[PDB]
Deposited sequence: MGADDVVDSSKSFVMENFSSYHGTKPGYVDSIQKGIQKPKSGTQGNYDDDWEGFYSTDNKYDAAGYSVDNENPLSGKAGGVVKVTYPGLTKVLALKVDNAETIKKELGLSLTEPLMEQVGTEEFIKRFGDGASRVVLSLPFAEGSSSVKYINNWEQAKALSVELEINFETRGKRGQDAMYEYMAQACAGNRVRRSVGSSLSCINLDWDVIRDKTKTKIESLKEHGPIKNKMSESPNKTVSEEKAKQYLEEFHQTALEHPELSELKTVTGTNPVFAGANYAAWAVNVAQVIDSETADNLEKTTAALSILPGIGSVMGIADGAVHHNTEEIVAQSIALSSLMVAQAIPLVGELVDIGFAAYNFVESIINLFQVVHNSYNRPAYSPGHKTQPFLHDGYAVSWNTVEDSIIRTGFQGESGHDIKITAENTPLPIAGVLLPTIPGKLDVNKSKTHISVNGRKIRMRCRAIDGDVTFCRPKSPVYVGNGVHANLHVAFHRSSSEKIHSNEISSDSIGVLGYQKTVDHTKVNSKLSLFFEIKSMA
């Protein structure tokens, strides 16, 4: 009941990975020994060496400190991996036949437990899901049993001699072999070059002349820095940047200007002189998607050359913004570039990782003030291969004022998938609103509410879509055009489109 037999197995030479902090890379290869929540006291490892690497960073400087390494640990002989459906120790003790007083992970390393659950293996290791939205597992080893592990070096980020956490993040990026895999040495080099060239430019040094170079108001400051942004963006070392930041307003000069002003306001002398404190301060500021070129679910600035341009331009602007709104030194070219680079790497790594997009599974789709999502994972799956009914629930609301829901565009397959016009309805804070559904196409039906639907702060709707299958025959790739259900918001002539993406699947 608490033990999942689909993720449990006996294995010979069971291996797993362990992230190791700086200094312990060589020490640990002589054996796992505990140092000097107790139910879970134990030695931790994971089946994913890239997830292990995230545990390898200096515990005294966790945002920007050095990464240590990853080792691989192997049990000889036969090991039982005992996967648990819950991580509540007391539920595990009661559901198994265990003393509710003895710590769960003490019991796990005793011959009694190894008898009843090891299936003749020499050891039980507990297995739990690593994290929400990760398919990796976490292994929990009894500390004394773990003394049998052999330890091999997988990688030593310090051996690589790279700056910052370049080595750790470059290792993780291997997981994706669509994959941001940037050379941060190139970028750092190109970046230092651009700053120097930009500082010599005639029109740049000329617009620095116009700088009040004294404390002023924030709106004066933004206006000068918007000017500086326009001037500096004409340098031919920033010419690709000028082109790729022209259309999308997130990349505008005014957002670079707010960024530089936000940076100068939170950096004091004590902060600029320490890299951990700079990373902490910068990491809570809004607007960084302007300098990173990240908008609308995409990393647009995904070349070494264009990332260096963006980081160079922003370094200069921070250099300009400190006099006008701050008080210090130099920071702009030194610790500002180092922390910003680390922040770049955090976010790129998020975007490399497998992840459901807005409107997929239970991830909300946010658009035009609305928020919609599938209520459960199964709601987003249209099952096929049977004659009968299914129901699917979509949650809908909005952020403030009453916004309308005009209707929903639903897929139909001429004969193999049809809308149940009687069970399809929408419910607004519990008021059930029937729908009028007319096909506009062989492949699309449009359902309108029979009474006005509005959602907003404190008003939400549940849209219930009910499908009926006539044929028992499965639905084939070609048969379906759309991967999405289109909920329509207010009209602007067009409607705001809110997309809930489904998947066809058998039983």
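No C-alpha positions are given for the deposited-sequence stretches 1 to 4, 41 to 47, 189 to 200, 353 to 354, 518 to 522, 538.
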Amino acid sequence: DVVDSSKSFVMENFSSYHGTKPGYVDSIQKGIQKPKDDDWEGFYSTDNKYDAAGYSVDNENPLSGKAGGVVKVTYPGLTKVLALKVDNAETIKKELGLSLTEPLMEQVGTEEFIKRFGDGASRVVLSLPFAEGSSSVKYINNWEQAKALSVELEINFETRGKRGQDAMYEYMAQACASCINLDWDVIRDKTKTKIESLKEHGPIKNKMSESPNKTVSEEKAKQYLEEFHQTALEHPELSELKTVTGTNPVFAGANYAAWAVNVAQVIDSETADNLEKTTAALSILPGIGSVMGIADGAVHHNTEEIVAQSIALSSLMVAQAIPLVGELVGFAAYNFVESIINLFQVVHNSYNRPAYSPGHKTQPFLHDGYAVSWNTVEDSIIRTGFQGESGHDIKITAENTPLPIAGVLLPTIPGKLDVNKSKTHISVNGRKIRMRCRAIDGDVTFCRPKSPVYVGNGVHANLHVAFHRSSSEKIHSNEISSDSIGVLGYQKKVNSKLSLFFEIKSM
From here on, numbers count along this sequence of modelled residues.
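The records show that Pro35 is omitted from the coordinate set of at least a third of the other eligible entries of this protein. Figure legend: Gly202 is marked as unmodelled in at least a third of the other comparable entries of the protein.
Remark: stretch with higher mean C-alpha B factor among 339 to 347 and 219 to 227 is 219 to 227. Of the two segments examined, 58 to 66 and 448 to 456, it is 58 to 66 that shows the higher average Cα temperature factor in the deposited entry.
Listed residues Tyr75, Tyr256, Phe331, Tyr356 were ranked by CA B-factor as deposited; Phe331 comes out on top. Residue set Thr401, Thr271, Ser135, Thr362: peak C-alpha B-factor at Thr271 (per PDB entry). The deposited CA B-factor of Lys94 belongs to the highest third of values across its chain.
Sort the modelled residues of the chain by CA B factor and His392 lands in the lowest third. Annotation for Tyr17: C-alpha temperature factor in the lowest third relative to the rest of the modelled chain, per the entry. Ranked by Cα temperature factor within the chain, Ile32 sits in the middle third according to the deposited record. For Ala439, the recorded CA B-factor ranks within the middle third of the chain. Only modelled residues enter the ranking.
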